[PDB]
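J.: Dropping in my_file-v6.cif, with mmCIF, C-alpha atoms and all ligand atoms; chains and numbers go by the auth columns.
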data_entry
loop_
_atom_site.group_PDB
_atom_site.id
_atom_site.type_symbol
_atom_site.label_atom_id
_atom_site.label_comp_id
_atom_site.label_asym_id
_atom_site.label_seq_id
_atom_site.Cartn_x
_atom_site.Cartn_y
_atom_site.Cartn_z
_atom_site.B_iso_or_equiv
_atom_site.auth_seq_id
_atom_site.auth_asym_id
ATOM 1 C CA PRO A 1 0.000 0.000 0.000 0.00 1 A
ATOM 2 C CA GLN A 2 0.760 3.687 -0.072 0.00 2 A
ATOM 3 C CA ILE A 3 0.394 5.078 3.366 0.00 3 A
ATOM 4 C CA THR A 4 -0.423 8.712 3.834 0.00 4 A
ATOM 5 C CA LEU A 5 1.325 10.851 6.442 0.00 5 A
ATOM 6 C CA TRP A 6 -1.663 13.011 7.216 0.00 6 A
ATOM 7 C CA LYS A 7 -2.081 10.710 10.224 0.00 7 A
ATOM 8 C CA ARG A 8 0.322 8.530 12.227 0.00 8 A
ATOM 9 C CA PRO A 9 1.274 5.542 9.999 0.00 9 A
ATOM 10 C CA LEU A 10 -0.126 2.774 12.192 0.00 10 A
ATOM 11 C CA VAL A 11 -0.434 -0.860 11.106 0.00 11 A
ATOM 12 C CA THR A 12 -1.292 -4.199 12.684 0.00 12 A
ATOM 13 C CA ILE A 13 1.568 -6.490 13.594 0.00 13 A
ATOM 14 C CA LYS A 14 1.819 -9.994 15.058 0.00 14 A
ATOM 15 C CA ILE A 15 4.618 -10.760 17.446 0.00 15 A
ATOM 16 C CA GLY A 16 4.954 -13.592 19.979 0.00 16 A
ATOM 17 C CA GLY A 17 1.487 -14.754 19.041 0.00 17 A
ATOM 18 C CA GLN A 18 -0.014 -11.360 19.915 0.00 18 A
ATOM 19 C CA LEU A 19 -1.707 -8.780 17.664 0.00 19 A
ATOM 20 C CA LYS A 20 -0.572 -5.216 18.305 0.00 20 A
ATOM 21 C CA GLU A 21 -0.768 -1.799 16.681 0.00 21 A
ATOM 22 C CA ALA A 22 2.571 -0.308 15.661 0.00 22 A
ATOM 23 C CA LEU A 23 4.006 2.850 14.161 0.00 23 A
ATOM 24 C CA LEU A 24 6.064 2.648 10.927 0.00 24 A
ATOM 25 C CA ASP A 25 8.970 4.871 11.976 0.00 25 A
ATOM 26 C CA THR A 26 11.730 5.878 9.608 0.00 26 A
ATOM 27 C CA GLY A 27 13.381 7.840 12.390 0.00 27 A
ATOM 28 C CA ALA A 28 13.863 4.681 14.514 0.00 28 A
ATOM 29 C CA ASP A 29 17.018 2.693 13.863 0.00 29 A
ATOM 30 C CA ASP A 30 15.597 -0.284 15.744 0.00 30 A
ATOM 31 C CA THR A 31 12.219 -1.859 16.479 0.00 31 A
ATOM 32 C CA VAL A 32 10.888 -1.243 20.000 0.00 32 A
ATOM 33 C CA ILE A 33 7.910 -3.105 21.419 0.00 33 A
ATOM 34 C CA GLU A 34 6.017 -2.398 24.641 0.00 34 A
ATOM 35 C CA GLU A 35 6.637 -4.722 27.554 0.00 35 A
ATOM 36 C CA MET A 36 5.934 -8.347 26.700 0.00 36 A
ATOM 37 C CA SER A 37 7.641 -11.714 27.064 0.00 37 A
ATOM 38 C CA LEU A 38 9.611 -13.180 24.149 0.00 38 A
ATOM 39 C CA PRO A 39 11.418 -16.506 24.080 0.00 39 A
ATOM 40 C CA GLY A 40 15.169 -17.002 24.036 0.00 40 A
ATOM 41 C CA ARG A 41 18.198 -15.084 25.088 0.00 41 A
ATOM 42 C CA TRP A 42 18.355 -11.336 25.625 0.00 42 A
ATOM 43 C CA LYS A 43 20.795 -8.665 26.722 0.00 43 A
ATOM 44 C CA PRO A 44 20.306 -5.141 28.039 0.00 44 A
ATOM 45 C CA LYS A 45 20.632 -2.064 25.854 0.00 45 A
ATOM 46 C CA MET A 46 20.120 1.702 26.204 0.00 46 A
ATOM 47 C CA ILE A 47 18.407 3.645 23.384 0.00 47 A
ATOM 48 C CA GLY A 48 18.089 7.390 23.130 0.00 48 A
ATOM 49 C CA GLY A 49 15.728 9.916 21.717 0.00 49 A
ATOM 50 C CA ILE A 50 14.002 13.131 22.684 0.00 50 A
ATOM 51 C CA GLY A 51 14.049 13.402 26.441 0.00 51 A
ATOM 52 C CA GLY A 52 16.970 10.948 26.899 0.00 52 A
ATOM 53 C CA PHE A 53 17.415 7.231 27.143 0.00 53 A
ATOM 54 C CA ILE A 54 15.448 4.152 28.132 0.00 54 A
ATOM 55 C CA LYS A 55 16.718 0.696 29.069 0.00 55 A
ATOM 56 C CA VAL A 56 15.408 -2.142 26.902 0.00 56 A
ATOM 57 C CA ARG A 57 15.917 -5.897 26.441 0.00 57 A
ATOM 58 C CA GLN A 58 17.413 -6.898 23.114 0.00 58 A
ATOM 59 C CA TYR A 59 16.085 -10.156 21.614 0.00 59 A
ATOM 60 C CA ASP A 60 17.737 -11.356 18.374 0.00 60 A
ATOM 61 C CA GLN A 61 16.154 -13.444 15.581 0.00 61 A
ATOM 62 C CA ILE A 62 12.525 -12.649 16.340 0.00 62 A
ATOM 63 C CA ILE A 63 9.842 -13.005 13.651 0.00 63 A
ATOM 64 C CA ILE A 64 7.219 -10.264 13.278 0.00 64 A
ATOM 65 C CA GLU A 65 4.379 -10.096 10.740 0.00 65 A
ATOM 66 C CA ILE A 66 3.931 -6.454 9.689 0.00 66 A
ATOM 67 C CA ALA A 67 0.703 -5.631 7.809 0.00 67 A
ATOM 68 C CA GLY A 68 0.806 -9.177 6.432 0.00 68 A
ATOM 69 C CA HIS A 69 4.508 -9.283 5.601 0.00 69 A
ATOM 70 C CA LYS A 70 6.827 -11.572 7.609 0.00 70 A
ATOM 71 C CA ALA A 71 10.240 -10.304 8.672 0.00 71 A
ATOM 72 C CA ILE A 72 12.917 -11.439 11.088 0.00 72 A
ATOM 73 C CA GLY A 73 15.316 -9.387 13.090 0.00 73 A
ATOM 74 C CA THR A 74 16.288 -7.935 16.438 0.00 74 A
ATOM 75 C CA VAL A 75 13.479 -6.641 18.602 0.00 75 A
ATOM 76 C CA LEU A 76 13.931 -4.392 21.584 0.00 76 A
ATOM 77 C CA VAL A 77 11.363 -4.641 24.419 0.00 77 A
ATOM 78 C CA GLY A 78 10.896 -1.870 26.945 0.00 78 A
ATOM 79 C CA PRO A 79 8.853 0.958 28.376 0.00 79 A
ATOM 80 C CA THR A 80 7.271 2.616 25.323 0.00 80 A
ATOM 81 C CA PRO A 81 3.601 3.640 25.088 0.00 81 A
ATOM 82 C CA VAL A 82 3.548 2.874 21.340 0.00 82 A
ATOM 83 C CA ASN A 83 5.068 -0.025 19.425 0.00 83 A
ATOM 84 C CA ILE A 84 7.684 1.148 16.920 0.00 84 A
ATOM 85 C CA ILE A 85 8.666 -0.639 13.700 0.00 85 A
ATOM 86 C CA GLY A 86 12.141 0.713 12.951 0.00 86 A
ATOM 87 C CA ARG A 87 14.362 0.601 9.939 0.00 87 A
ATOM 88 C CA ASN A 88 15.820 -2.827 10.747 0.00 88 A
ATOM 89 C CA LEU A 89 12.467 -4.380 9.897 0.00 89 A
ATOM 90 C CA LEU A 90 11.071 -1.740 7.504 0.00 90 A
ATOM 91 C CA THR A 91 13.866 -2.684 5.062 0.00 91 A
ATOM 92 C CA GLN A 92 12.759 -6.335 5.148 0.00 92 A
ATOM 93 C CA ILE A 93 9.242 -5.528 3.967 0.00 93 A
ATOM 94 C CA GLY A 94 10.534 -3.274 1.252 0.00 94 A
ATOM 95 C CA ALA A 95 9.330 0.006 2.709 0.00 95 A
ATOM 96 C CA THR A 96 10.395 3.218 1.086 0.00 96 A
ATOM 97 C CA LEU A 97 9.792 6.928 1.649 0.00 97 A
ATOM 98 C CA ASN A 98 8.611 8.572 -1.616 0.00 98 A
ATOM 99 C CA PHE A 99 8.160 12.208 -2.631 0.00 99 A
ATOM 100 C CA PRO B 1 12.983 10.259 -4.828 0.00 1 B
ATOM 101 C CA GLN B 2 12.359 6.780 -3.534 0.00 2 B
ATOM 102 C CA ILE B 3 14.396 6.453 -0.316 0.00 3 B
ATOM 103 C CA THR B 4 15.188 3.022 1.062 0.00 4 B
ATOM 104 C CA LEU B 5 15.893 2.544 4.757 0.00 5 B
ATOM 105 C CA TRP B 6 19.106 0.544 4.957 0.00 6 B
ATOM 106 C CA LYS B 7 20.769 3.727 6.259 0.00 7 B
ATOM 107 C CA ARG B 8 19.235 6.675 8.078 0.00 8 B
ATOM 108 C CA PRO B 9 17.160 8.829 5.680 0.00 9 B
ATOM 109 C CA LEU B 10 19.240 11.964 6.139 0.00 10 B
ATOM 110 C CA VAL B 11 18.716 14.953 3.897 0.00 11 B
ATOM 111 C CA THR B 12 19.914 18.503 3.649 0.00 12 B
ATOM 112 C CA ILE B 13 17.565 21.235 4.814 0.00 13 B
ATOM 113 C CA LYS B 14 17.868 25.003 4.423 0.00 14 B
ATOM 114 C CA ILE B 15 16.474 27.203 7.165 0.00 15 B
ATOM 115 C CA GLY B 16 17.457 30.817 7.908 0.00 16 B
ATOM 116 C CA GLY B 17 19.822 30.674 4.882 0.00 17 B
ATOM 117 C CA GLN B 18 21.823 27.910 6.523 0.00 18 B
ATOM 118 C CA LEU B 19 22.224 24.298 5.446 0.00 19 B
ATOM 119 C CA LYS B 20 21.686 21.605 8.048 0.00 20 B
ATOM 120 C CA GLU B 21 21.365 17.820 8.074 0.00 21 B
ATOM 121 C CA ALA B 22 18.039 16.330 9.195 0.00 22 B
ATOM 122 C CA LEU B 23 16.369 12.934 9.540 0.00 23 B
ATOM 123 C CA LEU B 24 13.070 12.229 7.728 0.00 24 B
ATOM 124 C CA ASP B 25 11.029 10.832 10.614 0.00 25 B
ATOM 125 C CA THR B 26 7.591 9.339 10.029 0.00 26 B
ATOM 126 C CA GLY B 27 7.285 8.602 13.761 0.00 27 B
ATOM 127 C CA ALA B 28 7.453 12.324 14.562 0.00 28 B
ATOM 128 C CA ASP B 29 4.314 14.418 14.495 0.00 29 B
ATOM 129 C CA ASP B 30 6.394 17.609 14.595 0.00 30 B
ATOM 130 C CA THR B 31 9.700 18.938 13.257 0.00 31 B
ATOM 131 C CA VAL B 32 12.402 19.533 15.876 0.00 32 B
ATOM 132 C CA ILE B 33 15.680 21.341 15.197 0.00 33 B
ATOM 133 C CA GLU B 34 18.657 22.008 17.462 0.00 34 B
ATOM 134 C CA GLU B 35 19.174 25.439 19.026 0.00 35 B
ATOM 135 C CA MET B 36 19.273 28.162 16.381 0.00 36 B
ATOM 136 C CA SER B 37 17.976 31.698 15.787 0.00 37 B
ATOM 137 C CA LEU B 38 14.606 32.080 14.104 0.00 38 B
ATOM 138 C CA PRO B 39 12.558 35.233 13.490 0.00 39 B
ATOM 139 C CA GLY B 40 9.385 36.268 15.199 0.00 40 B
ATOM 140 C CA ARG B 41 7.595 35.201 18.351 0.00 41 B
ATOM 141 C CA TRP B 42 7.555 31.720 19.824 0.00 42 B
ATOM 142 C CA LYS B 43 5.029 29.808 21.911 0.00 43 B
ATOM 143 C CA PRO B 44 5.661 27.088 24.471 0.00 44 B
ATOM 144 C CA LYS B 45 5.291 23.402 23.735 0.00 45 B
ATOM 145 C CA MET B 46 5.945 20.236 25.730 0.00 46 B
ATOM 146 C CA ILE B 47 6.780 17.158 23.651 0.00 47 B
ATOM 147 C CA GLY B 48 7.069 13.625 24.909 0.00 48 B
ATOM 148 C CA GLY B 49 9.924 11.683 23.383 0.00 49 B
ATOM 149 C CA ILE B 50 11.041 8.138 24.167 0.00 50 B
ATOM 150 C CA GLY B 51 12.967 9.394 27.179 0.00 51 B
ATOM 151 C CA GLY B 52 10.569 11.849 28.631 0.00 52 B
ATOM 152 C CA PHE B 53 9.039 15.279 28.179 0.00 53 B
ATOM 153 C CA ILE B 54 10.990 18.308 27.160 0.00 54 B
ATOM 154 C CA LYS B 55 10.174 21.990 26.626 0.00 55 B
ATOM 155 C CA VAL B 56 10.765 23.429 23.188 0.00 56 B
ATOM 156 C CA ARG B 57 10.174 26.765 21.441 0.00 57 B
ATOM 157 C CA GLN B 58 7.436 26.670 18.814 0.00 58 B
ATOM 158 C CA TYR B 59 7.900 28.992 15.834 0.00 59 B
ATOM 159 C CA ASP B 60 5.065 29.040 13.336 0.00 60 B
ATOM 160 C CA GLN B 61 5.133 29.816 9.571 0.00 61 B
ATOM 161 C CA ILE B 62 8.890 29.295 9.081 0.00 62 B
ATOM 162 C CA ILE B 63 10.281 28.955 5.553 0.00 63 B
ATOM 163 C CA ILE B 64 12.265 25.731 5.234 0.00 64 B
ATOM 164 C CA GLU B 65 13.585 23.779 2.226 0.00 65 B
ATOM 165 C CA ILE B 66 13.756 19.985 2.644 0.00 66 B
ATOM 166 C CA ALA B 67 15.788 18.002 0.074 0.00 67 B
ATOM 167 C CA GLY B 68 14.995 20.766 -2.387 0.00 68 B
ATOM 168 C CA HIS B 69 11.252 20.967 -1.644 0.00 69 B
ATOM 169 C CA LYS B 70 9.790 24.163 -0.255 0.00 70 B
ATOM 170 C CA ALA B 71 7.754 24.134 2.934 0.00 71 B
ATOM 171 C CA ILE B 72 6.407 26.848 5.259 0.00 72 B
ATOM 172 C CA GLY B 73 5.333 25.625 8.672 0.00 73 B
ATOM 173 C CA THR B 74 5.965 25.020 12.320 0.00 74 B
ATOM 174 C CA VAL B 75 9.451 24.371 13.625 0.00 75 B
ATOM 175 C CA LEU B 76 10.164 23.367 17.195 0.00 76 B
ATOM 176 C CA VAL B 77 13.558 24.422 18.557 0.00 77 B
ATOM 177 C CA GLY B 78 15.106 22.400 21.396 0.00 78 B
ATOM 178 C CA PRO B 79 17.482 19.615 22.442 0.00 79 B
ATOM 179 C CA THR B 80 17.180 16.650 20.102 0.00 80 B
ATOM 180 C CA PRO B 81 19.759 13.962 19.340 0.00 81 B
ATOM 181 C CA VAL B 82 19.386 14.825 15.627 0.00 82 B
ATOM 182 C CA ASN B 83 17.294 17.309 13.664 0.00 83 B
ATOM 183 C CA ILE B 84 14.041 15.617 12.677 0.00 84 B
ATOM 184 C CA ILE B 85 11.561 16.419 9.940 0.00 85 B
ATOM 185 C CA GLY B 86 8.168 15.220 11.135 0.00 86 B
ATOM 186 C CA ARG B 87 4.848 14.678 9.489 0.00 87 B
ATOM 187 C CA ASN B 88 3.784 18.348 9.621 0.00 88 B
ATOM 188 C CA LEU B 89 6.431 19.060 6.959 0.00 89 B
ATOM 189 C CA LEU B 90 6.630 15.598 5.331 0.00 90 B
ATOM 190 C CA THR B 91 3.033 16.144 4.242 0.00 91 B
ATOM 191 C CA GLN B 92 3.981 19.527 2.699 0.00 92 B
ATOM 192 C CA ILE B 93 6.651 17.939 0.524 0.00 93 B
ATOM 193 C CA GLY B 94 4.270 15.156 -0.531 0.00 94 B
ATOM 194 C CA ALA B 95 5.884 12.241 1.204 0.00 95 B
ATOM 195 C CA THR B 96 4.293 8.819 1.590 0.00 96 B
ATOM 196 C CA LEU B 97 5.425 5.436 2.876 0.00 97 B
ATOM 197 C CA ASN B 98 5.184 2.621 0.355 0.00 98 B
ATOM 198 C CA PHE B 99 5.535 -1.139 0.483 0.00 99 B
HETATM 199 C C1 LIG C . 17.895 2.834 18.377 0.00 101 A
HETATM 200 O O1 LIG C . 16.496 2.706 18.016 0.00 101 A
HETATM 201 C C2 LIG C . 15.704 3.727 18.450 0.00 101 A
HETATM 202 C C3 LIG C . 16.160 4.846 19.142 0.00 101 A
HETATM 203 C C4 LIG C . 15.245 5.901 19.356 0.00 101 A
HETATM 204 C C5 LIG C . 13.918 5.798 19.049 0.00 101 A
HETATM 205 S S1 LIG C . 12.886 7.219 19.260 0.00 101 A
HETATM 206 O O2 LIG C . 13.468 8.013 20.300 0.00 101 A
HETATM 207 O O3 LIG C . 11.559 6.641 19.471 0.00 101 A
HETATM 208 N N1 LIG C . 12.881 8.261 17.942 0.00 101 A
HETATM 209 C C6 LIG C . 14.246 8.587 17.412 0.00 101 A
HETATM 210 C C7 LIG C . 14.286 10.023 16.847 0.00 101 A
HETATM 211 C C8 LIG C . 13.933 11.037 17.938 0.00 101 A
HETATM 212 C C9 LIG C . 15.669 10.369 16.310 0.00 101 A
HETATM 213 C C10 LIG C . 11.954 7.994 16.872 0.00 101 A
HETATM 214 C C11 LIG C . 10.891 9.111 16.734 0.00 101 A
HETATM 215 O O4 LIG C . 10.173 8.806 15.524 0.00 101 A
HETATM 216 C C12 LIG C . 9.924 9.218 17.911 0.00 101 A
HETATM 217 C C13 LIG C . 8.940 8.070 18.058 0.00 101 A
HETATM 218 C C14 LIG C . 8.047 7.998 19.300 0.00 101 A
HETATM 219 C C15 LIG C . 7.692 6.527 19.483 0.00 101 A
HETATM 220 C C16 LIG C . 6.774 6.313 20.716 0.00 101 A
HETATM 221 C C17 LIG C . 5.500 7.126 20.503 0.00 101 A
HETATM 222 C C18 LIG C . 5.884 8.594 20.370 0.00 101 A
HETATM 223 C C19 LIG C . 6.569 9.136 21.617 0.00 101 A
HETATM 224 C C20 LIG C . 7.848 8.326 21.806 0.00 101 A
HETATM 225 C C21 LIG C . 7.494 6.846 21.974 0.00 101 A
HETATM 226 C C22 LIG C . 8.741 8.437 20.576 0.00 101 A
HETATM 227 C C23 LIG C . 6.759 8.797 19.135 0.00 101 A
HETATM 228 N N2 LIG C . 9.099 10.455 17.776 0.00 101 A
HETATM 229 C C24 LIG C . 9.354 11.595 18.418 0.00 101 A
HETATM 230 O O5 LIG C . 10.245 11.748 19.251 0.00 101 A
HETATM 231 O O6 LIG C . 8.505 12.609 18.014 0.00 101 A
HETATM 232 C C25 LIG C . 8.681 13.906 18.584 0.00 101 A
HETATM 233 C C26 LIG C . 8.642 14.930 17.452 0.00 101 A
HETATM 234 O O7 LIG C . 7.274 15.227 17.198 0.00 101 A
HETATM 235 C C27 LIG C . 6.467 14.815 18.278 0.00 101 A
HETATM 236 O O8 LIG C . 5.706 13.707 17.765 0.00 101 A
HETATM 237 C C28 LIG C . 4.876 13.146 18.829 0.00 101 A
HETATM 238 C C29 LIG C . 5.861 12.469 19.746 0.00 101 A
HETATM 239 C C30 LIG C . 6.904 13.378 20.297 0.00 101 A
HETATM 240 C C31 LIG C . 7.457 14.345 19.335 0.00 101 A
HETATM 241 C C32 LIG C . 13.459 4.622 18.465 0.00 101 A
HETATM 242 C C33 LIG C . 14.356 3.593 18.175 0.00 101 A
HETATM 243 CL CL CL C . 18.000 -6.717 12.830 0.00 102 A
HETATM 244 CL CL CL C . 15.787 -2.614 -1.271 0.00 103 A
HETATM 245 NA NA NA C . 16.912 -14.947 20.063 0.00 104 A
HETATM 246 NA NA NA C . 16.219 33.431 19.033 0.00 105 A
HETATM 247 NA NA NA C . 6.189 32.888 13.299 0.00 106 A
#
Any chance you could put this one into structure tokens?
Ligand SMILES: COc1ccc(S(=O)(=O)N(CC(C)C)C[C@@H](O)[C@H](C[C@]23C[C@H]4C[C@H](C[C@H](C4)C2)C3)NC(=O)O[C@H]2CO[C@H]3OCCC[C@H]32)cc1
Ligand SMILES: [Cl-]
Ligand SMILES: [Cl-]
Ligand code: NA
Ligand code: NA
Ligand code: NA
T.:
Amino acid sequence: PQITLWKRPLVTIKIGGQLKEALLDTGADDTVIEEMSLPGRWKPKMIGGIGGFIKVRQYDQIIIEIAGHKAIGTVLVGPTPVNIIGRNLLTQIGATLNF
Amino acid sequence: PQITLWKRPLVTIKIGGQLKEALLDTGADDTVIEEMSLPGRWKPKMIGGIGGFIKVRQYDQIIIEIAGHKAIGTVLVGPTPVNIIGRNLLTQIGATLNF
């Protein structure tokens, strides 16, 4: 699809068996999901944006379905009010910014 | 252009006659630029980033060129890890997300 930017670019995702709403975010290097359990190994990470940093858990090799398109990659889990699909997974679904 | 997301989508902007680098950020509602001098009056705004809430200076109706495309709109001035072009100006330059 072609998604307009008149509104936040929100899509449905599936991760860890759960359906969630997430923001397609070209400004995010990495994907950041609100607190949830994921299987496997993880390690701590700090990520920074406006207002400073948050601590997250980094899970590698996690599959996400994004608006119907499957992708695999690293997923960060931590205290965000909105799920963020970052560039590491946007590339895998072929997303581009066009103007 | 059609911009892929394997690297950060950085562009050159021109504001106040000065060239700056900025990130095209579909996860940003607003445009936020590092401390600089702009004309006219400003109004207060609180924005909530991943790390918390910060105060910025809101300048309305500012002339800004983004990757060669002319825009005139609101610019927030304050401490950001990188200059970000948010949806208020991405819509002026005609940007969409596509996959
Ligand atoms: C290394 O990988 C990472 C490291 C950092 C992040 S980041 O911090 O989230 N950020 C990175 C940017 C700031 C370089 C993505 C950005 O797109 C956020 C995204 C985000 C994501 C959720 C929901 C909201 C509030 C915050 C949490 C930040 C928008 N937007 C935002 O700061 O926007 C403000 C401007 O205009 C206003 O709109 C409304 C929100 C505040 C400002 C993500 C992955
Ligand atoms: Cl990855
Ligand atoms: Cl590609
Ligand atoms: Na893993
Ligand atoms: Na000033
Ligand atoms: Na003004």
J.: With 10 Å as the limit and counting all atoms listed in the file, what residues in chain A lie close to chain B? Please list them as number ranges by chain.
T.: A: 1-10, 23-29, 47-55, 67, 69, 79-82, 84-99
J.: Got a sec to resolve the PyMOL selection byres (((chain A and resi 36) around 10) and not hetatm) on this structure and send the residues as a PDB file with C-alpha atoms, keeping the file's coordinate frame?
T.:
ATOM      1  CA  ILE A  15       4.618 -10.760  17.446  1.00  0.00           C
ATOM      2  CA  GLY A  16       4.954 -13.592  19.979  1.00  0.00           C
ATOM      3  CA  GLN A  18      -0.014 -11.360  19.915  1.00  0.00           C
ATOM      4  CA  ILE A  33       7.910  -3.105  21.419  1.00  0.00           C
ATOM      5  CA  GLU A  34       6.017  -2.398  24.641  1.00  0.00           C
ATOM      6  CA  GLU A  35       6.637  -4.722  27.554  1.00  0.00           C
ATOM      7  CA  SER A  37       7.641 -11.714  27.064  1.00  0.00           C
ATOM      8  CA  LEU A  38       9.611 -13.180  24.149  1.00  0.00           C
ATOM      9  CA  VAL A  77      11.363  -4.641  24.419  1.00  0.00           C
ATOM     10  CA  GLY A  78      10.896  -1.870  26.945  1.00  0.00           C
ATOM     11  CA  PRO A  79       8.853   0.958  28.376  1.00  0.00           C
TER      12      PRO A  79
END
J.: Give me, as a compact mmCIF listing (two decimals) with C-alpha atoms, in the frame of the given file, the set of residues whose atoms come within 6 Å of any atom of ligand NA 104 (chain A), counting only C-alpha atoms and all ligand atoms.
T.:
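Saved result, pocket-v9.txt, follows:
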# COMPACT_ATOMS: atom_id res chain seq x y z
CA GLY A 40 15.17 -17.00 24.04
CA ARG A 41 18.20 -15.08 25.09
CA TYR A 59 16.08 -10.16 21.61
CA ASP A 60 17.74 -11.36 18.37
CA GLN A 61 16.15 -13.44 15.58
J.: Could you please determine the separation between CA of residue 19 (chain A) and atom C29 of ligand LIG 101 (chain A) in Å, to one decimal place?
T.: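 It comes out at 22.7 Å.
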J.: Report as a list in words the residues that result from applying the PyMOL selection byres (((chain A and resi 73) around 6) and not hetatm) to the structure here.
T.: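 When the PyMOL selection byres (((chain A and resi 73) around 6) and not hetatm) is applied to the shown file, the picked residues are residues 61, 62, 72 and 74 of chain A.
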J.: What is the CA of residue 12 (chain B) to CA of residue 66 (chain B) distance in Å?
T.: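 Taking CA of residue 12 (chain B) and CA of residue 66 (chain B), their separation equals 6.4 Å.
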J.: Let me make sure I understand: among B:75, B:83, B:44, B:65, which one has the smallest atom-to-atom distance to ligand NA 106 (chain A) if we use all atoms listed in the file?
T.: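 Distance minimum relative to ligand NA 106 (chain A) lands on B:75.
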J.: One number please: CA of residue 46 (chain B) to CA of residue 17 (chain B), in Å, one decimal.
T.: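 Answer for the CA of residue 46 (chain B) to CA of residue 17 (chain B) separation: 27.1 Å.
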J.: When you count only C-alpha atoms and all ligand atoms, which of these residues is closest to ligand NA 105 (chain A): B:14, B:57, B:70, B:45?
T.: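 Ranked by minimum distance to ligand NA 105 (chain A), first place goes to B:57.
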J.: So, counting all atoms listed in the file, which residue among B:21, B:68, B:76, B:30 is closest to ligand NA 106 (chain A)?
T.: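 Result for the nearest residue to ligand NA 106 (chain A): B:76.
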J.: Find the axis-aligned box for region 59-76 of chain A, covering all its listed atoms and adding 6 Å on each side, and write its centre and edge lengths in Å to one decimal as JSON.
T.:
{"center_x": 9.2, "center_y": -8.9, "center_z": 13.6, "size_x": 29.0, "size_y": 21.1, "size_z": 28.0}
J.: When you get a chance, write out N, CA, C and O atoms for region 72-84 of chain A, as a short mmCIF file (atom, residue, chain, number, x, y, z; two decimals), keeping the file's coordinate frame.
T.:
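Listed below is the output, out.cif:
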data_model
loop_
_atom_site.label_atom_id
_atom_site.label_comp_id
_atom_site.auth_asym_id
_atom_site.auth_seq_id
_atom_site.Cartn_x
_atom_site.Cartn_y
_atom_site.Cartn_z
N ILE A 72 12.20 -11.00 9.90
CA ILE A 72 12.92 -11.44 11.09
C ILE A 72 13.99 -10.42 11.43
O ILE A 72 14.62 -9.87 10.53
N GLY A 73 14.24 -10.23 12.71
CA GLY A 73 15.32 -9.39 13.09
C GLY A 73 15.38 -9.20 14.59
O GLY A 73 14.69 -9.87 15.35
N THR A 74 16.20 -8.28 15.02
CA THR A 74 16.29 -7.94 16.44
C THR A 74 15.10 -7.09 16.83
O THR A 74 14.67 -6.17 16.11
N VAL A 75 14.56 -7.37 18.00
CA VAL A 75 13.48 -6.64 18.60
C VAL A 75 13.85 -6.21 20.01
O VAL A 75 14.32 -7.02 20.81
N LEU A 76 13.68 -4.93 20.26
CA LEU A 76 13.93 -4.39 21.58
C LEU A 76 12.61 -4.31 22.34
O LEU A 76 11.60 -3.92 21.75
N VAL A 77 12.58 -4.66 23.61
CA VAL A 77 11.36 -4.64 24.42
C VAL A 77 11.60 -3.74 25.61
O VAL A 77 12.60 -3.88 26.34
N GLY A 78 10.68 -2.78 25.83
CA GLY A 78 10.90 -1.87 26.94
C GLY A 78 9.76 -0.90 27.07
O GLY A 78 8.70 -1.09 26.47
N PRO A 79 9.97 0.09 27.95
CA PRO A 79 8.85 0.96 28.38
C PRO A 79 8.59 2.05 27.36
O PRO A 79 9.00 3.20 27.54
N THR A 80 7.84 1.74 26.33
CA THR A 80 7.27 2.62 25.32
C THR A 80 5.75 2.53 25.34
O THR A 80 5.21 1.43 25.52
N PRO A 81 5.07 3.66 25.18
CA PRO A 81 3.60 3.64 25.09
C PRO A 81 3.07 3.22 23.73
O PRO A 81 1.85 2.97 23.59
N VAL A 82 3.91 3.16 22.72
CA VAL A 82 3.55 2.87 21.34
C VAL A 82 4.61 1.93 20.78
O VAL A 82 5.80 2.17 20.94
N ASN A 83 4.17 0.89 20.12
CA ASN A 83 5.07 -0.02 19.42
C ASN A 83 5.62 0.64 18.18
O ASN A 83 4.88 1.29 17.43
N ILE A 84 6.92 0.48 17.96
CA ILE A 84 7.68 1.15 16.92
C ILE A 84 8.32 0.12 16.00
O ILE A 84 9.16 -0.66 16.49
#
